[PDB]
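So the structure is just underneath, and the comments pick up after that.
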Amino acid sequence: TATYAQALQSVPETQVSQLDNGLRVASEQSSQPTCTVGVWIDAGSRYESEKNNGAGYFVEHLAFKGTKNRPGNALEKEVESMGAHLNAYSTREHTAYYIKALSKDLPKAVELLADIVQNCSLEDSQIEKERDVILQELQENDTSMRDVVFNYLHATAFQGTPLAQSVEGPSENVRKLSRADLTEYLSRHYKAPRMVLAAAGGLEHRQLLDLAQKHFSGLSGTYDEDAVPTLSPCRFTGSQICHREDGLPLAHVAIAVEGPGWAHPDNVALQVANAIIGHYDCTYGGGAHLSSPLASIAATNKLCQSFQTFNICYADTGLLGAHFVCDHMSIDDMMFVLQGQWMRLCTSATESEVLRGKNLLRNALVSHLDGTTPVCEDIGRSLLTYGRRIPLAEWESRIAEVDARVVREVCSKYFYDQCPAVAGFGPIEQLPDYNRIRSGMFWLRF
Amino acid sequence: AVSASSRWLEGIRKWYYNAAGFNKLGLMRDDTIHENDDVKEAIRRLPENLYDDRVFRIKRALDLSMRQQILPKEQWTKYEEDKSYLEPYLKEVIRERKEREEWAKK
Amino acid sequence: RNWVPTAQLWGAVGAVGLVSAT
Amino acid sequence: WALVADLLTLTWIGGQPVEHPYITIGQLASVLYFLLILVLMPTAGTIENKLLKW
Amino acid sequence: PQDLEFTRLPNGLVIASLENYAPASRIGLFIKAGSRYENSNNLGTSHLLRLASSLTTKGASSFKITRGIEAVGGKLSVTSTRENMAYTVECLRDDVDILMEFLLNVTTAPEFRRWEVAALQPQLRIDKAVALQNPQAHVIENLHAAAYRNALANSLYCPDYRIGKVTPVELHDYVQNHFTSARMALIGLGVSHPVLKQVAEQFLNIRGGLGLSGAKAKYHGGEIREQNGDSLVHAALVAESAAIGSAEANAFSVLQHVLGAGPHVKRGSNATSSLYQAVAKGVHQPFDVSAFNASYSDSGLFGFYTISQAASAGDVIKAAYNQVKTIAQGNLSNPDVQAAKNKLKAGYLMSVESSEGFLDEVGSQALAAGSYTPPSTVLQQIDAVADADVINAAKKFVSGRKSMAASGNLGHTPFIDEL
Amino acid sequence: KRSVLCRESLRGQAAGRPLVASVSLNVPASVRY
Amino acid sequence: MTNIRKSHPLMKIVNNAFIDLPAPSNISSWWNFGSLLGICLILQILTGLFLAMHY
Amino acid sequence: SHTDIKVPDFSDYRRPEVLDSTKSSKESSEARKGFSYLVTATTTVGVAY
Ligand code: HEM
């Protein structure tokens with residue numbers, strides 16, 4: 001026999017370790033076959049200037065196409081013949097490259113990764129070949145309402161800030177982008193301490209630490225002169241951006257109220273809140289009996305196609321809200337239920353309801369961690385986000401302090417009397433007037 | 001301990017059944033029900049036969065009412081034939097909703 | 001829940017309203 | 001029907017000298033009316049429902 | 001710490017268990033009903049069955065079921081394939097019991113009520129529509145009905161004409177015949193085997209032989225072609241693979257990988273993939289292609305899949321063939337087989353590196369074999385494949401009845417006689 | 001509908017035990033290989 | 001629709017509660033008191049206005 | 001293509017308290033709602049008279 005709590009405390013702790021330059025080493029052991037080693041660099045889109053707005057994202061197309069040591073397709077051939085997978089993901093705050101690989105393959109794994117980060121053989125040919133590709137990706141991203149809309153959100157809740165730029169970047173910055181510019185970018189932002197070398201699975205921390213090729217370090221200050229925040233707050237703005245295209249079959253709406261940085265007691269309590277509203281799709285098997293009202297109403301009244309609440313967490317900024325796709329004629333009704341669910345939440349939460357969401361949270365936050373890749377990303381990202389802690393067993397505790405009154409008071413900071421960030425890609429003809437969505441965040445009636 | 005008393009209610013019951021005139025109209029007890037939200041759902045749950053039946057019965061009945069005519073003595077609903085066909089359906093609908101209510105306490 | 005404290009300030013408003021207004 | 005006829009009975013009192021005869025009558029009619037409406041009928045309802053086995 | 005623990009009962013249902021360390025436990029009753037178990041008159045019934053998991057049952061009302069799992073944050077997945085039907089059930093260590101009693105009602109006590117089943121009906125369309133958004137599904141489906149005649153040729157989604165016609169006695173019958181003891185295999189990822197068994201013993205003892213649906217296999221070459229307006233065209237070319245868990249099969253798998261083009265690198269192109277190289281050279285700039293490999297109990301399907309544009313369809317399609325002919329002509333050097341192998345081996349291990357993966361792998365094995373083969377052993381078998389063996393298999397696609405399925409503008413898609 | 005214009009296409013089906021496995025779950029829903 | 005007087009004017013549609021409306025078959029004489037009720041309201045009024053024309 | 005979008009310069013229309021491209025509006029806007037709601041409460045209080 002064994003009980004949830006117990007299991008919790010029994011989980012392999014994460015070992016954080018440092019090289020001389022600030023290279024961060026972490027790892028969670030299991031003595032299992034496969035391993036996912038990763039280098040989680042934290043110089044994202046938000047450091048880009050208007051020109052290099054898509055810089056980083058451009059580097060990512062070159063990351064895997066050559067090192068001075070390993071030319072044209074020498075990287076791929078190497079990974080492949082091992083049976084290892086190599087992925088590169090980029091965010092507005094975090095770039096990361098990782099490898100999935102047999103545990104015995106660390107040797108040439110970690111070498112590869114390291115190599116990748118540092119030496120990237122980038123010829124004029126590869127630059128002009130990537131351009132064309134990027135320009136073609138851009139065109140394809142315009143084919144995705146959800147991606148089109150979420151960008152919009154950011155741009156309008158971040159209007160007038162570095163953070164509001166697409167990670168994909170400006171069309172024509174791809175055309176223009178000087179070859180010299182990727183260098184300065186990399187050179188200036190890939191310098192650890194930023195970087196973290198993380199990993200999970202069957203490895204021994206001891207060896208990870210050692211294996212780390214100590215080749216280049218943080219060429220930066222020893223004092224406060226550096227302390228000028230490169231992470232300077234980004235002004236919060238509640239505006240809407242309404243891009244109406246009656247040509248399109250459905251309507252995407254992303255509505256948000258600015259939120260806490262990555263670390264904050266209010267930041268877990270929020271989650272528990274969204275557990276309650278939940279998320280819903282044409283294909284949920286419960287429909288009408290699902291315990292979250294927006295879902296039930298939706299399910300019942302054919303109100304919407306799909307809807308999800310989110311919590312986007314940045315160091316100085318946060319996007320909170322949900323997002324619903326709904327026929328041209330149902331934009332207002334779903335707005336009404338949603339906002340309605342928010343207000344009800346900060347005034348009438350009931351312990352039952354908050355206790356169910358609570359438990360949902362736990363699961364969402366345990367199940368994610370199933371698999372090697374998962375764990376690795378939590379460990380890597382966790383270190384630039386929340387610093388060098390791994391709050392995994394704490395969570396249950398913190399999640400445990402949750403009370404219906406805690407949930408209520410935390411939700412009221414952020415939603416109540418606050419000014420929304422709303423964007424849509426019409427049929428938005430029926431989308432509520434900004435003032436109407438505004439007055440939706442306080443309770444006279446409705 | 002009901003042997004004499006409860007074997008005599010049937011006597012008032014029987015009396016009462018034919019007292020209320022709906023007997024005469026060709027209608028049955030279940031078709032006299034107050035159509036509310038539970039009945040409604042039960043209703044919807046009826047098979048084509050049961051359910052079309054309840055439509056003709058009420059058709060024939062409201063026709064009679066409109067003409068103030070009673071059905072012939074030979075064609076009347078006999079108490080011994082109490083099709084409580086809605087009852088089964090109607091119970092559950094309630095049963096479901098009582099549960100729903102209860103599950104919503106805390 | 002929040003209804004008592006809100007019903008109590010709605011209570012108060014009516015009262016002060018009458019009192020004053022009347 | 002009785003309520004209706006109680007109502008008629010009450011209407012009669014209305015044009016009556018307010019003296020013993022009428023007083024005593026009205027008083028029991030005014031209780032009858034509220035019984036018919038508040039207490040009798042409601043019970044009768046139940047009963048009938050129980051005789052039908054409803 | 002403790003390794004799994006299979007146990008065949010008198011009924012013939014398998015059951016396994018692994019008390020893991022971590023917080024999350026997941027049961028999953030795999031019943032042996034796939035799509036292949038329906039007839040002309042019963043097609044589309046598993047589909048509906050799959051979608052009707054949250055309906056009232058004998059001990060738990062659709063409302064309690066759903067609200068109950070929600071209560072605790074549980075998930076109930078009901079997955080099926082042409083051969084099997086895994087009924088997954090995730091939740092927190094402490095709540096397995098509340099959850100298990102749910103899985104048991106859903107599966108042994110379904111009550112398909114005319115009214116409930118009826119309101120579902122329309123869901124089938126909605127589900128079919130959303131899965132038919134990926135060319136892969138309609139082609140891959142078209143493939144199976146062309147290549148088979150009778151059993152596996154049945155598709156996973158209900159046929160448009162059947163939708164509302166799925167009747168409650170159908171559902172009841174399907175459960176009764178197929179959702180039985182001999183065809184079942186319990187599987188726990190965080191439960192006690194001792195306590196698992198007890199439960200298994202108490203709730204999973206029902207009788208029902210195989211093939212009351214009409215079991216049997218058969219391969220028939222055939223072509224299903226679906227014209228579209230889309231620039232891109234997808235087509236599949238496939239010959240009777242070797243069967244499930246047999247040497248020939250295994251060989252196929254290794255061969256598959258020598259050509260098999262499932263990118264292992266983001267934004268990266270395969271250097272390893274022969275198909276891709278060969279195709280690539282004779283092909284245009286934009287295109288993509290990959291080795292297809294399917295294996296079932298009584299038959300398989302091996303061959304490739306292409307995605308070309310209108311005019312390039314043939315060029316790519318033949319190109320790919322020609323290259324696989326090369327291996328069948330004998331031309332295949334040792335260095336590439338070993339790479340392949342290692343590719344495969346690495347994949348199978350990552351496949352099982354997750355709870356969900358492991359749980360599937362295990363149940364899967366319990367319906368085929370009757371026990372759990374450990375990884376290592378697995379790994380050994382794949383290694384035993386001879387460099388020749390691979391060639392030999394390959395020889396079989398080129399010299400095995402063809403069966404193709406395509407979609408899009410088919411001006412330039414080879415027919416059977418074309419290649 | 002998502003535009004499939006470039007080199008990015010990398011969809012073709014072939015897994016170990018599972019092949020064309022369609023999920024329907026009370027919460028999520030999908031199509032794999 | 002074209003030249004369906006009733007729904008042409010929107011106003012005249014609102015009057016089709018009298019003409020086109022679903023009315024039960026069976027129906028005691030008792031229900032005529034609704035209508036008469038209105039009748040009386042209109043008569044008092046016409047009458048009132050004339051009396052209040054000399055009162 | 002939908003990335004060369006910019007939200008237009010609002011600097012003329014916004015205000016003192018929340019004009020700071022690089023600083024928080026949360027610890028600014030607490031008052032800003034007060035002052036607007038203040039106006040409302042006054043009007044509704046005079047009108048009441
Ligand atoms: C149903 C609504 C009304 C009812 C029940 C009603 C009833 C009465 C009654 C009972 C009287 C006393 C007459 C008597 O016994 O001498 C009266 C008088 C009067 N009513 Fe009406 N009335 C109604 C509407 C109106 C309207 C609409 C008007 C004006 C447009 C009006 C104007 C008058 C006038 C001027 C008198 C005074 C002269 C008289 O005694 O005839 N009434 N009303």
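In the structure tokens, each chain is lettered A, B, ... as it comes, each chain's residues begin at 1, and ligands are numbered from 1 in order of appearance.
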Legend entry - All alpha helix (DSSP H) positions in segment 25-245 of chain E, as an MDAnalysis selection string: chainID E and resid 45:51 62:72 96:108 114:120 123:131 135:147 168:178 193:203
Legend entry - Nearby residues (only C-alpha atoms) at most 12 Å from residue 1 of chain A, same-chain spacing under 3 positions excluded, as a PyMOL selection string: (chain A and resi 4+6-7) or (chain E and resi 18-21+93-94+190-195)
Output of the above residues as an mmCIF file, in the first residue's frame, restricted to N, CA and C atoms:
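Once everything was written out, this is part-v1.cif:
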```
data_model
loop_
_atom_site.group_PDB
_atom_site.id
_atom_site.type_symbol
_atom_site.label_atom_id
_atom_site.label_comp_id
_atom_site.auth_asym_id
_atom_site.auth_seq_id
_atom_site.Cartn_x
_atom_site.Cartn_y
_atom_site.Cartn_z
ATOM 1 N N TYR A 4 -1.167 8.900 -1.842
ATOM 2 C CA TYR A 4 -0.800 10.062 -2.603
ATOM 3 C C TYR A 4 0.300 10.849 -1.915
ATOM 4 N N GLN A 6 2.370 10.367 0.620
ATOM 5 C CA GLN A 6 3.586 9.560 0.617
ATOM 6 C C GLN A 6 4.255 9.655 -0.742
ATOM 7 N N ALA A 7 3.726 8.973 -1.759
ATOM 8 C CA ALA A 7 4.338 9.072 -3.082
ATOM 9 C C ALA A 7 5.015 10.427 -3.266
ATOM 10 N N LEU E 18 1.914 -2.821 -11.500
ATOM 11 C CA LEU E 18 3.256 -2.377 -11.132
ATOM 12 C C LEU E 18 3.192 -1.317 -10.041
ATOM 13 N N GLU E 19 3.273 -1.631 -8.753
ATOM 14 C CA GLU E 19 3.219 -0.495 -7.820
ATOM 15 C C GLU E 19 4.385 0.453 -8.060
ATOM 16 N N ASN E 20 4.137 1.530 -8.785
ATOM 17 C CA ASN E 20 5.199 2.491 -9.082
ATOM 18 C C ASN E 20 5.438 3.391 -7.879
ATOM 19 N N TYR E 21 6.411 4.284 -7.992
ATOM 20 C CA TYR E 21 6.750 5.222 -6.931
ATOM 21 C C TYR E 21 5.820 6.432 -6.949
ATOM 22 N N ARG E 93 -3.731 8.597 -6.733
ATOM 23 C CA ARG E 93 -3.515 7.338 -6.039
ATOM 24 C C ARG E 93 -4.717 6.969 -5.181
ATOM 25 N N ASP E 94 -5.107 7.906 -4.334
ATOM 26 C CA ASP E 94 -6.190 7.740 -3.392
ATOM 27 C C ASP E 94 -7.542 7.454 -3.991
ATOM 28 N N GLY E 190 -0.414 1.693 -11.203
ATOM 29 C CA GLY E 190 -0.109 2.046 -9.822
ATOM 30 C C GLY E 190 -1.028 1.368 -8.817
ATOM 31 N N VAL E 191 -1.456 0.152 -9.162
ATOM 32 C CA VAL E 191 -2.346 -0.573 -8.261
ATOM 33 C C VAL E 191 -1.743 -1.882 -7.780
ATOM 34 N N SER E 192 -2.182 -2.302 -6.610
ATOM 35 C CA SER E 192 -1.885 -3.604 -6.052
ATOM 36 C C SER E 192 -2.463 -4.742 -6.895
ATOM 37 N N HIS E 193 -1.597 -5.694 -7.267
ATOM 38 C CA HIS E 193 -2.085 -6.848 -8.011
ATOM 39 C C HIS E 193 -3.031 -7.710 -7.193
ATOM 40 N N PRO E 194 -2.691 -7.971 -5.948
ATOM 41 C CA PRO E 194 -3.530 -8.733 -5.035
ATOM 42 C C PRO E 194 -4.926 -8.141 -4.993
ATOM 43 N N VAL E 195 -5.008 -6.825 -4.783
ATOM 44 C CA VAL E 195 -6.327 -6.199 -4.742
ATOM 45 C C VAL E 195 -6.913 -6.095 -6.136
#
```
Distance filter 6 Å around ligand 1, atoms: only C-alpha atoms and all ligand atoms, out as an mmCIF file with C-alpha atoms, in the first residue's frame:
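Writing the result to result32.cif gives the following:
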```
data_model
loop_
_atom_site.group_PDB
_atom_site.id
_atom_site.type_symbol
_atom_site.label_atom_id
_atom_site.label_comp_id
_atom_site.auth_asym_id
_atom_site.auth_seq_id
_atom_site.Cartn_x
_atom_site.Cartn_y
_atom_site.Cartn_z
ATOM 1 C CA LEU G 41 -63.259 48.449 -20.303
ATOM 2 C CA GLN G 44 -66.806 52.490 -19.590
ATOM 3 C CA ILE G 45 -64.177 54.609 -21.247
ATOM 4 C CA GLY G 48 -66.798 58.128 -19.110
ATOM 5 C CA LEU G 49 -65.327 60.517 -21.595
ATOM 6 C CA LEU G 51 -69.991 62.039 -19.058
ATOM 7 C CA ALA G 52 -66.762 63.837 -18.231
ATOM 8 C CA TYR G 55 -69.588 66.775 -15.394
#
```
Legend entry - At most 7 Å to chain F: residues in chain A, only C-alpha atoms, as a VMD selection string: chain A and resid 136 140 143 to 144 283 to 286
Inset, instruction - One decimal, Å: what's the distance from atom CA of residue 32 of chain B over to atom CA of residue 35 of chain D, could you say? - result: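 Atom CA of residue 32 of chain B sits 27.1 Å away from atom CA of residue 35 of chain D.
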Inset, instruction - Considering only C-alpha atoms, return as a ChimeraX atom specification whatever protein or nucleic-acid residues lie within 10 Å of segment 330-337 of chain E, sequence-local ones (same chain, fewer than 2 positions apart) excluded. - result: /A:81 /E:254-255,257-259,272-274,323-328,339-343,383,385-388,390-392,394-395
For N, CA and C atoms, I'd like the residues from the last selection saved as a compact mmCIF listing (two decimals), in the first residue's frame.
```txt
# COMPACT_ATOMS: atom_id res chain seq x y z
N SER A 81 21.19 8.24 -36.83
CA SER A 81 21.84 6.95 -36.64
C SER A 81 21.90 6.50 -35.20
N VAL E 254 12.02 -3.68 -39.43
CA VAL E 254 13.39 -3.19 -39.59
C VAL E 254 13.55 -2.58 -40.98
N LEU E 255 12.97 -3.30 -41.96
CA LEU E 255 13.11 -2.79 -43.32
C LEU E 255 12.45 -1.40 -43.33
N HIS E 257 12.06 0.92 -41.32
CA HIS E 257 12.99 1.93 -40.87
C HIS E 257 14.15 2.25 -41.78
N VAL E 258 14.55 1.35 -42.68
CA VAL E 258 15.70 1.70 -43.53
C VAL E 258 15.29 2.77 -44.53
N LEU E 259 13.99 2.76 -44.85
CA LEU E 259 13.38 3.73 -45.73
C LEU E 259 12.54 4.75 -44.95
N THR E 272 19.41 9.97 -43.55
CA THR E 272 19.26 8.53 -43.45
C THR E 272 18.21 7.96 -44.38
N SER E 273 17.06 8.63 -44.50
CA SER E 273 15.98 8.07 -45.29
C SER E 273 16.26 7.94 -46.76
N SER E 274 16.35 6.65 -47.13
CA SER E 274 16.63 6.31 -48.53
C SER E 274 15.47 6.85 -49.37
N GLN E 323 13.04 2.91 -55.58
CA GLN E 323 13.93 2.75 -54.45
C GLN E 323 13.68 1.51 -53.59
N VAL E 324 12.43 1.18 -53.28
CA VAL E 324 12.13 -0.01 -52.49
C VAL E 324 12.36 -1.28 -53.32
N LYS E 325 12.35 -1.13 -54.65
CA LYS E 325 12.66 -2.21 -55.58
C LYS E 325 14.17 -2.47 -55.45
N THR E 326 14.94 -1.37 -55.41
CA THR E 326 16.38 -1.52 -55.22
C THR E 326 16.62 -2.49 -54.10
N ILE E 327 16.29 -2.20 -52.85
CA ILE E 327 16.45 -3.17 -51.77
C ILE E 327 15.96 -4.57 -52.13
N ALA E 328 14.93 -4.71 -52.95
CA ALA E 328 14.43 -6.01 -53.36
C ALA E 328 15.29 -6.66 -54.44
N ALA E 339 22.02 0.78 -38.46
CA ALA E 339 21.49 2.10 -38.10
C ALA E 339 19.99 1.92 -37.84
N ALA E 340 19.33 1.47 -38.91
CA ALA E 340 17.91 1.15 -38.83
C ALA E 340 17.65 0.57 -37.45
N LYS E 341 18.14 -0.64 -37.25
CA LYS E 341 17.92 -1.39 -36.03
C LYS E 341 17.93 -0.51 -34.79
N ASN E 342 19.05 0.18 -34.63
CA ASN E 342 19.23 1.09 -33.50
C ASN E 342 18.14 2.15 -33.49
N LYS E 343 17.85 2.72 -34.66
CA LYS E 343 16.69 3.62 -34.73
C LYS E 343 15.51 2.89 -34.10
N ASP E 383 17.04 -7.47 -33.06
CA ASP E 383 18.43 -7.59 -33.45
C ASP E 383 18.71 -8.82 -34.30
N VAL E 385 17.12 -10.02 -36.68
CA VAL E 385 16.92 -9.81 -38.11
C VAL E 385 18.18 -9.81 -38.94
N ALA E 386 18.19 -10.62 -40.01
CA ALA E 386 19.36 -10.65 -40.88
C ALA E 386 19.33 -9.52 -41.89
N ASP E 387 20.51 -9.01 -42.24
CA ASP E 387 20.61 -8.01 -43.30
C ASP E 387 19.91 -8.50 -44.57
N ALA E 388 19.99 -9.79 -44.84
CA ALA E 388 19.36 -10.39 -46.01
C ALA E 388 17.84 -10.34 -45.85
N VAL E 390 15.73 -8.67 -44.36
CA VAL E 390 15.20 -7.37 -44.73
C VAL E 390 14.97 -7.27 -46.24
N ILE E 391 16.02 -7.60 -46.98
CA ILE E 391 15.97 -7.57 -48.44
C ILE E 391 14.80 -8.46 -48.89
N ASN E 392 14.83 -9.67 -48.37
CA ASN E 392 13.87 -10.72 -48.68
C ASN E 392 12.44 -10.28 -48.48
N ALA E 394 11.51 -7.20 -48.38
CA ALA E 394 11.32 -6.16 -49.36
C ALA E 394 10.92 -6.77 -50.70
N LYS E 395 11.59 -7.88 -51.01
CA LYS E 395 11.34 -8.64 -52.23
C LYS E 395 9.84 -8.93 -52.35
```
Inset, instruction - Select residues of chain A: the criterion is any atom within 12 Å of an atom of chain C, counting only C-alpha atoms; output as a ChimeraX atom specification. - result: /A:344-351,404-405,408-409,443-444
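Across the structure, atom CA of residue 245 of chain A and atom CA of residue 145 of chain A are spaced 10.9 Å apart.
The protein and nucleic acid residues lying at most 8 Å from residue 268 of chain E are residues 64, 65 and 76 of chain A; 263 and 264 of chain E, with only C-alpha atoms considered and sequence neighbours fewer than 4 positions away removed.
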Legend entry - Atomic distance atom CA of residue 50 of chain E - atom CA of residue 78 of chain E, expressed in Å with one decimal: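 The value is 6.0 Å.
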Inset, instruction - For chain D, list the residues within 12 Å of chain B, counting only C-alpha atoms, and write the list as a PyMOL selection string. - result: chain D and resi 47-54
Write the residues you've just listed into a file as a PDB file, in the first residue's frame, and include N, CA and C atoms for each of them.
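Result file follows (out-v4.pdb):
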```
ATOM      1  N   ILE D  47     -55.760  14.402  -0.770  1.00  0.00           N
ATOM      2  CA  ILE D  47     -56.647  13.244  -0.707  1.00  0.00           C
ATOM      3  C   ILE D  47     -56.876  12.747  -2.127  1.00  0.00           C
ATOM      4  N   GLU D  48     -57.575  13.532  -2.934  1.00  0.00           N
ATOM      5  CA  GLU D  48     -57.844  13.061  -4.293  1.00  0.00           C
ATOM      6  C   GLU D  48     -56.624  12.447  -4.923  1.00  0.00           C
ATOM      7  N   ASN D  49     -55.453  13.055  -4.805  1.00  0.00           N
ATOM      8  CA  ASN D  49     -54.250  12.492  -5.388  1.00  0.00           C
ATOM      9  C   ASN D  49     -53.984  11.110  -4.832  1.00  0.00           C
ATOM     10  N   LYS D  50     -54.350  10.916  -3.568  1.00  0.00           N
ATOM     11  CA  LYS D  50     -53.990   9.635  -2.964  1.00  0.00           C
ATOM     12  C   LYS D  50     -54.997   8.567  -3.329  1.00  0.00           C
ATOM     13  N   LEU D  51     -56.254   8.972  -3.545  1.00  0.00           N
ATOM     14  CA  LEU D  51     -57.248   8.009  -3.999  1.00  0.00           C
ATOM     15  C   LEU D  51     -56.937   7.546  -5.429  1.00  0.00           C
ATOM     16  N   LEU D  52     -56.321   8.403  -6.250  1.00  0.00           N
ATOM     17  CA  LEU D  52     -56.017   8.044  -7.628  1.00  0.00           C
ATOM     18  C   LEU D  52     -54.728   7.222  -7.657  1.00  0.00           C
ATOM     19  N   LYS D  53     -54.070   7.158  -6.499  1.00  0.00           N
ATOM     20  CA  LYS D  53     -52.842   6.403  -6.285  1.00  0.00           C
ATOM     21  C   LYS D  53     -51.659   7.204  -6.803  1.00  0.00           C
ATOM     22  N   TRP D  54     -51.888   8.453  -7.210  1.00  0.00           N
ATOM     23  CA  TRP D  54     -50.911   9.333  -7.828  1.00  0.00           C
ATOM     24  C   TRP D  54     -49.676   9.489  -6.929  1.00  0.00           C
TER      25      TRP D  54
END
```
Can you list, as a tab-separated table (two decimals) with N, CA and C atoms, in the first residue's frame, every protein, DNA or RNA residue that comes within 6 Å of segment 11-17 of chain E when you count only C-alpha atoms, leaving out same-chain residues fewer than 4 positions away?
```tsv
chain	number	residue	atom	x	y	z
E	4	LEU	N	6.14	-6.00	-13.27
E	4	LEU	CA	4.74	-6.35	-13.48
E	4	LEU	C	4.46	-7.77	-13.00
E	5	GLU	N	3.22	-8.19	-13.15
E	5	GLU	CA	2.80	-9.50	-12.62
E	5	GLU	C	1.59	-10.04	-13.36
E	6	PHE	N	1.75	-10.72	-14.49
E	6	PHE	CA	0.57	-11.21	-15.20
E	6	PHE	C	-0.09	-12.38	-14.50
E	7	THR	N	-1.34	-12.70	-14.85
E	7	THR	CA	-2.11	-13.79	-14.30
E	7	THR	C	-3.32	-14.14	-15.15
E	181	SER	N	-15.06	-12.02	-20.81
E	181	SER	CA	-13.87	-12.48	-20.11
E	181	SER	C	-12.70	-12.94	-20.96
E	182	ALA	N	-12.84	-13.91	-21.85
E	182	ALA	CA	-11.71	-14.37	-22.65
E	182	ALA	C	-11.02	-13.28	-23.44
E	184	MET	N	-10.62	-10.09	-22.49
E	184	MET	CA	-10.16	-9.02	-21.64
E	184	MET	C	-8.84	-9.13	-20.92
E	185	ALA	N	-8.24	-7.95	-20.69
E	185	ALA	CA	-6.95	-7.84	-20.03
E	185	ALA	C	-6.89	-6.57	-19.19
E	186	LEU	N	-6.99	-6.74	-17.89
E	186	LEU	CA	-6.85	-5.60	-16.98
E	186	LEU	C	-5.38	-5.18	-16.99
E	187	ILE	N	-5.09	-3.94	-16.65
E	187	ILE	CA	-3.72	-3.45	-16.60
E	187	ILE	C	-3.64	-2.25	-15.64
E	188	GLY	N	-2.84	-2.34	-14.59
E	188	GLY	CA	-2.69	-1.24	-13.63
E	188	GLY	C	-1.30	-0.64	-13.63
E	189	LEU	N	-1.16	0.68	-13.50
E	189	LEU	CA	0.18	1.25	-13.50
E	189	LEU	C	0.57	1.72	-12.10
E	193	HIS	N	-1.60	-5.69	-7.27
E	193	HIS	CA	-2.09	-6.85	-8.01
E	193	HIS	C	-3.03	-7.71	-7.19
```
Inset, instruction - Specify as number ranges by chain all residues of chain H found within 9 Å of chain A, counting only C-alpha atoms. - result: H: 1-10, 18-26, 33
Using only C-alpha atoms, which residues of segment 316-359 of chain E come within 12 Å of segment 281-303 of chain E, and what is the closest atom pair for each, with the distance in Å to one decimal? Give it as a tab-separated table, sorted by chain and residue number.
```
residue	atom	partner	partner_atom	distance
E:316	CA	E:283	CA	6.0
E:317	CA	E:289	CA	9.2
E:318	CA	E:282	CA	9.8
E:319	CA	E:282	CA	6.8
E:320	CA	E:289	CA	8.4
E:321	CA	E:303	CA	8.8
E:322	CA	E:282	CA	11.0
E:323	CA	E:282	CA	11.0
E:324	CA	E:303	CA	8.8
E:325	CA	E:303	CA	11.3
```
Could those selected residues go to a file with N, CA, C and O atoms, as a compact mmCIF listing (two decimals), in the first residue's frame?
```
# COMPACT_ATOMS: atom_id res chain seq x y z
N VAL E 316 6.99 11.16 -57.77
CA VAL E 316 7.25 10.78 -56.40
C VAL E 316 6.84 9.33 -56.16
O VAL E 316 7.57 8.55 -55.56
N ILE E 317 5.61 8.99 -56.55
CA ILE E 317 5.07 7.67 -56.27
C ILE E 317 5.95 6.56 -56.82
O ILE E 317 6.19 5.64 -56.05
N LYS E 318 6.27 6.62 -58.11
CA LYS E 318 7.19 5.67 -58.72
C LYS E 318 8.55 5.75 -58.03
O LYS E 318 8.94 4.74 -57.44
N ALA E 319 9.17 6.93 -58.04
CA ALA E 319 10.44 7.15 -57.37
C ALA E 319 10.52 6.29 -56.12
O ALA E 319 11.28 5.32 -56.02
N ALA E 320 9.56 6.46 -55.22
CA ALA E 320 9.54 5.74 -53.95
C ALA E 320 9.54 4.24 -54.20
O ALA E 320 10.26 3.56 -53.50
N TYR E 321 8.71 3.81 -55.14
CA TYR E 321 8.64 2.39 -55.47
C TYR E 321 10.03 1.93 -55.91
O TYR E 321 10.67 1.17 -55.19
N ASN E 322 10.54 2.54 -56.97
CA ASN E 322 11.81 2.17 -57.55
C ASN E 322 12.85 1.93 -56.47
O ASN E 322 13.40 0.83 -56.34
N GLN E 323 13.04 2.91 -55.58
CA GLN E 323 13.93 2.75 -54.45
C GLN E 323 13.68 1.51 -53.59
O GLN E 323 14.64 0.98 -53.04
N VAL E 324 12.43 1.18 -53.28
CA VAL E 324 12.13 -0.01 -52.49
C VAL E 324 12.36 -1.28 -53.32
O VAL E 324 12.55 -2.37 -52.78
N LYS E 325 12.35 -1.13 -54.65
CA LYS E 325 12.66 -2.21 -55.58
C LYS E 325 14.17 -2.47 -55.45
O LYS E 325 14.58 -3.61 -55.35
```
